[PDB]
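The chain below stands alone and is given as structure tokens, in the form deposited in one PDB entry.
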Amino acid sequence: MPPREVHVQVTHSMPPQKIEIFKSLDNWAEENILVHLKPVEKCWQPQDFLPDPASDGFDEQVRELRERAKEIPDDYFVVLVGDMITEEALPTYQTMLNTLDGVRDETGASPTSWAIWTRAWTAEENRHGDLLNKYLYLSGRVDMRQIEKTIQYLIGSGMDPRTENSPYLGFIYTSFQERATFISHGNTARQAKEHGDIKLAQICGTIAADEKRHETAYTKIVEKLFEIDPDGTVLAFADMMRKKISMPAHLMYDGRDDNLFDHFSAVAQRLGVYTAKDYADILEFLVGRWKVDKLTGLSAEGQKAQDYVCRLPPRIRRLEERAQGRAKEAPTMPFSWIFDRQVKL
């Protein structure tokens, strides 16, 4: 009974003529976006951070990795696992980009700057799942069979980000998510360092670093959008906010916990890896980064949107930081990812 989306499938809400804007922004993309891709030969590979199987020190390397992992609490592992599962659901993320009307890859090998980005970006993201996958496997602290089962469900469930085939909505979404992952991965890195594991810290930090570049490239695309059409891009930014930015791995199911994503989130929230406050903080940043506040010539509708967008961040901060129920009075609960061992929610 994998969780299904509880909304109506809305497709192509963006005007068919606006597609031209994107085909026109092709050479612009090639100059200002594709430069944020690290070339393959200068990229780190998972093997750079894992025990070397072709070295005489393989055994002791694996043994050390496993000794340090015992010093890392189950709490941390549940979050780390959730992050890994999200990364492994990659095919879905390339699919969401290819649903966007003006930017999609029509053949799977298209020479368009947008297609090249989609494929190259996916290529980079693939290393994130591989690295975290081999690490958790060697640690011996988690149940890979349940994790693998959760991954099969997730990919099969896919996800609907509510972007409606619109590059305007889509790029707002991705800019958000990238910063979200940059935070999660940055926090796990910081904590992993305190539990005494610097190599795990290098791992999460290196993944985070990739996230920032992706963030940089995506925010730029939206920056040009506010230039060509401040009004419509403001409307889109607002539309996503009303809808709310739903996380990609929100349909998470391990065959036995119907509220797996909420439970996973609760532990991340509690640990300070990704709190509800950060949702607001990312919003606040994006508003200030795009200077939504400093926009003019907007219609009464676009004026309403701009105001709504600028007012939301402090509003949410008040609303979501007040949590007392889940926080201190959170019950303990078992996670199949950790052989049903229990952690506080």
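Quick note: we count residues from 1 along the sequence shown, nothing fancier. Rigid core here is just the name for the largest C-alpha set that superposes within 1.5 Å across the two forms. Only residues modelled in both forms are compared.
The next section is about a form of this same protein that is not shown, the form deposited in another entry.
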### Residue showing a 2 Å-or-more C-alpha displacement between this form and the one not shown once the rigid core is overlaid, selected from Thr332, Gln17, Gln9, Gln324
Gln324
### Task
Given a change of 3 Å or more, say if the Cα atoms of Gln324 and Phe285 sit closer or farther in that other deposited form than in this form.
closer
### Summary
Stretches of at least 3 common residues between this form and the one not shown with C-alpha displacement of 2 Å or more post rigid core fit fall at 321-328
